[PDB]
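[1] Take these chains first, placed just as they are in the complex:
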Amino acid sequence: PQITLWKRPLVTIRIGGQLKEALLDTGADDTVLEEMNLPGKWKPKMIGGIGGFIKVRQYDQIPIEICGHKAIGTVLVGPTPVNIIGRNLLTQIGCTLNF
């Protein structure tokens, strides 16, 4: 599909038995999801945005379904105000910017 930018580019994502709304975010290197207790190994990390850094948990090789397209990769979990789909996954679903 083509998504215009008049409104926030929010789309449905699925990660396990959790369906969530997430921002397709070309300004995000990484994918950052709201707090969720995912299984398996993780590593602590700090990521920085406009107003400073937050502490997140880095989970690797997590399958995530974005608008019905399959992806699998690193997901950062922590106290973000919005679920953010970053470039690590946007490239996997074939996402480009066009103008």
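    Perfect, I can see it now. Residues are numbered from 1 along each chain as shown, chains lettered A, B, ... in the order given.

[2] So residue A:89: helix, strand or coil?
    On the three-state scheme (DSSP: H, G, I helix; E, B strand; the rest coil), residue A:89 is labelled helix.

[3] where's it relative to residue A:77, distance?
    14 Å (Cβ to Cβ, to the nearest Å). C-beta: built from backbone N, CA, C; applies to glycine.

[4] who has more neighbours, these two?
    residue A:89 (26 against 21; other Cβ atoms under 10 Å).

[5] Got the phi and psi for the closest residue to that one other than its chain neighbours?
    Excluding the flanking residues, the one nearest residue A:89 by Cβ to Cβ, 6 or more residues apart in numbering is residue A:71, at 4.6 Å. When read as degrees, to the nearest 10, the backbone of residue A:71 gives phi -140, psi 160.

[6] surely residue A:71 meets residue A:64?
    Yes. Counting by Cβ atoms under 8 Å, residue A:71 touches residue A:64, with 5.1 Å between them.

[7] and for the two, which residues touch both?
    residue A:89 (Cβ atoms under 8 Å, 6 or more residues apart in numbering).

[8] ok, and what's touching stretch A:54-61?
    A:32, A:38, A:40-47, A:72-80.

[9] attach chain B to the model above:
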Amino acid sequence: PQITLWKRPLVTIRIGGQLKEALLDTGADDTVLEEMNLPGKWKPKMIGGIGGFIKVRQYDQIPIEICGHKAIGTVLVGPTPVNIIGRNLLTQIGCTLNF
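    One more piece, chain B, placed on the ones above:
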């Protein structure tokens, strides 16, 4: 152009005769530039990201040429970690997400 997301979507912008690199950012509602001088009236504003809130100066009706395409709109100036072109100007240059 078509811009892939294997690398940060950084483009050159022209604002007030100066060239800057800025990030095409679909997850940003607003355009936020690193501290710089701009002419005219401005108003104190606050915006929130990951990490919290910052204080910015809001300049209205500022021309920016973004990768060859003209926009004229609101530009926020403050302690953003990177110059970001948000949806308010992305829409003006006809930018969409496609996959």
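
[10] Chain B added, so what about the contacts of stretch A:54-61 now?
    Residues from elsewhere that reach stretch A:54-61, judged by Cβ atoms under 8 Å, 6 or more residues apart in numbering or on different chains: A:32, A:38, A:40-47, A:72-80, B:50-51.

[11] Going through the residues you listed, which ones are buried?
    For these, a burial check counting by 16 or more other Cβ atoms under 10 Å in any protein chain shown picks out A:32, A:42, A:45, A:47, A:73-78, A:80, B:50-51.

[12] Direction included, what does the longest strand along chain A pair up with?
    Taking DSSP state E as the criterion, chain A has its longest strand at strand A:52-66. Partners of strand A:52-66 in the sheet, by DSSP bridges, are strand A:10-15 (antiparallel), strand A:43-49 (antiparallel), strand A:69-77 (antiparallel).

[13] what's the closest of these to residue B:25?
    Counting by Cβ to Cβ, residue B:25 lies closest to strand A:43-49 out of the strands paired with strand A:52-66; the figure is 10.9 Å.

[14] What about residue A:61, how many residues nearby?
    10 (other Cβ atoms under 10 Å in any protein chain shown).

[15] As CSV, the strands paired with strand A:52-66 with distance to residue A:25 would be great.
    Below are the strands paired with strand A:52-66 laid out as CSV (distance: least, Cβ to Cβ, whole Å):
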stretch, distance to residue A:25
strand A:10-15, 10
strand A:43-49, 11
strand A:69-77, 12
